[PDB]
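Below is one structure; the comments refer to it alone.
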Amino acid sequence: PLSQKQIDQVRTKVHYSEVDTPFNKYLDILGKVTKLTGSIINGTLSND
Amino acid sequence: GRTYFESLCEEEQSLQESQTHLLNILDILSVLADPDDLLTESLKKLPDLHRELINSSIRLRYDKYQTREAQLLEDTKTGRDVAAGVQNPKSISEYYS
Amino acid sequence: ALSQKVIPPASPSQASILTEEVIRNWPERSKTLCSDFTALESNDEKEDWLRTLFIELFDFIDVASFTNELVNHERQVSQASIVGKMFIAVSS
């Protein structure tokens, strides 16, 4: 048994699924550098 | 961000600032990992650049959601709504009949 | 020998300028912040300030912060769009 609120909540997530591969890739490049540069400022360093 | 086209333009402008920051961060990273003093100044310039890249990125994801919402709001307008203002219905009805 | 990994430069915690002071004086400061947020015009500029606050908040991390977010969102429901929620959704 699912209430009216929960059904509306799944419907809104379905109505918005986006799969833009070009975008997700650029954000991933930004992250693969933010995690490294942020680590160096901490000074944790280490050989990967 | 009123229109789908205008929001896409704002997103493009947010992409460029992030790109310049990223390229500068990469060059400083090369100087730091290059085979002191120059390396000491770089090891500080890198935190200076860090107080910038995350803020700029923040904005890019924010605009991505902004653009998605506007596109959905525009796609809800059906054909009937747009043709509400046609000036002369008459001729249209005569021609169709 | 891969790297010295020795860092002479350092930074102290003098940040959170807009989320300033002790969290002490909690309700007075919280109401002051809510009033200041409701005060601002030119929605764009508002977004800017929000960023700072929010990242400062994630520096600390709690239920008090959740109540504060409740107040902020509820105050924002009076207007059409919801900027605070989207900005939490990114800055998280």
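Going through the structure tokens in order, the chains are called A, B, and so on, while each chain numbers its residues from 1 and the ligands are numbered from 1 in the order shown.
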
Counting only C-alpha atoms, which residues from chain C have an atom at most 7 Å from any atom of chain B, and could you show them as an mmCIF file with N, CA and C atoms, in the first residue's frame?
```
data_model
loop_
_atom_site.group_PDB
_atom_site.id
_atom_site.type_symbol
_atom_site.label_atom_id
_atom_site.label_comp_id
_atom_site.auth_asym_id
_atom_site.auth_seq_id
_atom_site.Cartn_x
_atom_site.Cartn_y
_atom_site.Cartn_z
ATOM 1 N N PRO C 9 53.494 26.942 4.132
ATOM 2 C CA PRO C 9 52.364 27.868 4.270
ATOM 3 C C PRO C 9 51.179 27.250 5.028
ATOM 4 N N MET C 86 17.507 24.372 -4.175
ATOM 5 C CA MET C 86 18.429 24.042 -5.258
ATOM 6 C C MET C 86 19.872 24.261 -4.831
ATOM 7 N N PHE C 87 20.127 25.326 -4.072
ATOM 8 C CA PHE C 87 21.507 25.609 -3.719
ATOM 9 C C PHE C 87 22.024 24.620 -2.684
ATOM 10 N N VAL C 90 22.963 21.487 -4.700
ATOM 11 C CA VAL C 90 24.281 21.494 -5.336
ATOM 12 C C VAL C 90 25.392 21.489 -4.291
ATOM 13 N N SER C 91 25.365 22.443 -3.357
ATOM 14 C CA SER C 91 26.457 22.588 -2.407
ATOM 15 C C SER C 91 26.539 21.430 -1.427
#
```

Tell me as a compact mmCIF listing (two decimals) with N, CA, C and O atoms, in the first residue's frame which residues belonging to chain C come within 12 Å of chain A, counting only C-alpha atoms.
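So the final result, stored in out05.txt, reads:
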```
# COMPACT_ATOMS: atom_id res chain seq x y z
N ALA C 1 60.83 9.56 -1.45
CA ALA C 1 61.63 10.48 -2.29
C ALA C 1 60.78 10.93 -3.47
O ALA C 1 61.28 11.71 -4.30
N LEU C 2 59.53 10.47 -3.53
CA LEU C 2 58.62 10.93 -4.61
C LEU C 2 58.43 12.43 -4.45
O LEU C 2 58.50 13.14 -5.47
N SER C 3 58.21 12.91 -3.22
CA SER C 3 58.10 14.37 -2.97
C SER C 3 58.45 14.66 -1.51
O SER C 3 58.33 13.74 -0.68
N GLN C 4 58.88 15.89 -1.22
CA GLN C 4 59.13 16.28 0.20
C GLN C 4 57.79 16.23 0.92
O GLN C 4 57.76 15.77 2.08
N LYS C 5 56.73 16.72 0.27
CA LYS C 5 55.37 16.75 0.88
C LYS C 5 55.47 17.52 2.20
O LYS C 5 54.77 17.15 3.16
N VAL C 6 56.31 18.56 2.23
CA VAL C 6 56.44 19.41 3.45
C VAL C 6 55.79 20.74 3.09
O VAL C 6 56.19 21.33 2.08
N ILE C 7 54.81 21.18 3.89
CA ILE C 7 54.08 22.41 3.49
C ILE C 7 54.35 23.52 4.51
O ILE C 7 53.71 23.51 5.57
N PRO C 8 55.26 24.47 4.23
CA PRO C 8 55.44 25.63 5.12
C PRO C 8 54.22 26.56 5.22
O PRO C 8 53.91 26.93 6.33
N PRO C 9 53.49 26.94 4.13
CA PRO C 9 52.36 27.87 4.27
C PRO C 9 51.18 27.25 5.03
O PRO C 9 50.93 26.07 4.86
N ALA C 10 50.45 28.06 5.80
CA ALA C 10 49.32 27.55 6.61
C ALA C 10 48.20 28.58 6.70
O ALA C 10 48.49 29.78 6.53
N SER C 11 46.96 28.13 6.94
CA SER C 11 45.81 29.06 7.07
C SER C 11 45.02 28.79 8.36
O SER C 11 44.63 27.63 8.57
```

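With distances restricted to only C-alpha atoms, B:49 is the closest residue to residue 38 of chain A from B:9, B:49, B:19, B:31.
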
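Between chain A and the candidates B:30, B:38, B:82, B:87, the tightest atom-to-atom separation, counting only C-alpha atoms, involves B:30.
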
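Look at residue 33 of chain A: the protein and nucleic acid residues within 9 Å of it, using only C-alpha atoms and passing over chain neighbours fewer than 3 places away, are residues 28, 29, 30, 36, 37 and 38 of chain A; 22, 25 and 26 of chain B.
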
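Using only C-alpha atoms for every distance, the candidate list B:21, B:68, B:90, B:2 yields B:68 as the residue closest to residue 18 of chain A.
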
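Using only C-alpha atoms for every distance, the candidate list B:94, B:81, B:74, B:69 yields B:69 as the residue closest to residue 17 of chain A.
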
Please provide as a PDB file with N, CA, C and O atoms, in the first residue's frame all residues within 10 Å of segment 57-67 of chain C, with the sequence filter that same-chain residues fewer than 5 positions apart are discarded (counting only C-alpha atoms).
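Everything below was put into around-v3.pdb:
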```
ATOM      1  N   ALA C  15      37.450  32.143   8.892  1.00  0.00           N
ATOM      2  CA  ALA C  15      36.433  32.203   7.818  1.00  0.00           C
ATOM      3  C   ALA C  15      35.026  32.285   8.415  1.00  0.00           C
ATOM      4  O   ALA C  15      34.914  32.680   9.589  1.00  0.00           O
ATOM      5  N   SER C  16      34.001  31.963   7.617  1.00  0.00           N
ATOM      6  CA  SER C  16      32.585  32.053   8.072  1.00  0.00           C
ATOM      7  C   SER C  16      32.264  33.494   8.453  1.00  0.00           C
ATOM      8  O   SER C  16      31.622  33.703   9.491  1.00  0.00           O
ATOM      9  N   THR C  19      28.594  33.894   8.271  1.00  0.00           N
ATOM     10  CA  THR C  19      28.061  33.054   9.385  1.00  0.00           C
ATOM     11  C   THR C  19      28.987  33.287  10.579  1.00  0.00           C
ATOM     12  O   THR C  19      29.501  32.287  11.114  1.00  0.00           O
ATOM     13  N   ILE C  23      28.243  30.081  17.707  1.00  0.00           N
ATOM     14  CA  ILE C  23      26.854  29.610  17.455  1.00  0.00           C
ATOM     15  C   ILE C  23      26.080  29.955  18.727  1.00  0.00           C
ATOM     16  O   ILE C  23      24.851  29.805  18.724  1.00  0.00           O
ATOM     17  N   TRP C  26      22.461  31.569  20.041  1.00  0.00           N
ATOM     18  CA  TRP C  26      21.812  30.858  18.915  1.00  0.00           C
ATOM     19  C   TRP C  26      20.508  31.503  18.452  1.00  0.00           C
ATOM     20  O   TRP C  26      20.515  32.002  17.317  1.00  0.00           O
ATOM     21  N   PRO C  27      19.393  31.569  19.231  1.00  0.00           N
ATOM     22  CA  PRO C  27      18.134  32.031  18.610  1.00  0.00           C
ATOM     23  C   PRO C  27      18.148  33.475  18.144  1.00  0.00           C
ATOM     24  O   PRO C  27      17.574  33.781  17.090  1.00  0.00           O
ATOM     25  N   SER C  30      20.049  33.429  14.920  1.00  0.00           N
ATOM     26  CA  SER C  30      19.291  32.747  13.877  1.00  0.00           C
ATOM     27  C   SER C  30      18.168  33.620  13.337  1.00  0.00           C
ATOM     28  O   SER C  30      17.976  33.703  12.116  1.00  0.00           O
ATOM     29  N   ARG C  51      25.618  30.834  -1.001  1.00  0.00           N
ATOM     30  CA  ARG C  51      26.785  29.978  -1.180  1.00  0.00           C
ATOM     31  C   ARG C  51      27.690  30.038   0.035  1.00  0.00           C
ATOM     32  O   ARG C  51      27.882  29.025   0.721  1.00  0.00           O
ATOM     33  N   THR C  52      28.188  31.237   0.357  1.00  0.00           N
ATOM     34  CA  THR C  52      29.080  31.380   1.500  1.00  0.00           C
ATOM     35  C   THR C  52      28.493  30.708   2.728  1.00  0.00           C
ATOM     36  O   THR C  52      29.060  29.732   3.240  1.00  0.00           O
ATOM     37  N   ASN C  72      14.308  28.851   6.757  1.00  0.00           N
ATOM     38  CA  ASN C  72      14.692  29.492   5.505  1.00  0.00           C
ATOM     39  C   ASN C  72      13.785  29.056   4.363  1.00  0.00           C
ATOM     40  O   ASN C  72      13.256  29.895   3.623  1.00  0.00           O
ATOM     41  N   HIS C  73      13.585  27.746   4.210  1.00  0.00           N
ATOM     42  CA  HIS C  73      12.738  27.253   3.132  1.00  0.00           C
ATOM     43  C   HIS C  73      11.315  27.769   3.275  1.00  0.00           C
ATOM     44  O   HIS C  73      10.734  28.269   2.305  1.00  0.00           O
ATOM     45  N   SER C  91      25.365  22.443  -3.357  1.00  0.00           N
ATOM     46  CA  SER C  91      26.457  22.588  -2.407  1.00  0.00           C
ATOM     47  C   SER C  91      26.539  21.430  -1.427  1.00  0.00           C
ATOM     48  O   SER C  91      27.422  21.430  -0.568  1.00  0.00           O
ATOM     49  N   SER C  92      25.627  20.462  -1.511  1.00  0.00           N
ATOM     50  CA  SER C  92      25.799  19.235  -0.746  1.00  0.00           C
ATOM     51  C   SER C  92      26.756  18.288  -1.449  1.00  0.00           C
ATOM     52  O   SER C  92      27.494  17.543  -0.795  1.00  0.00           O
TER      53      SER C  92
END
```

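Take atom CA of residue 11 of chain B and atom CA of residue 64 of chain B: the distance between them is 6.9 Å.
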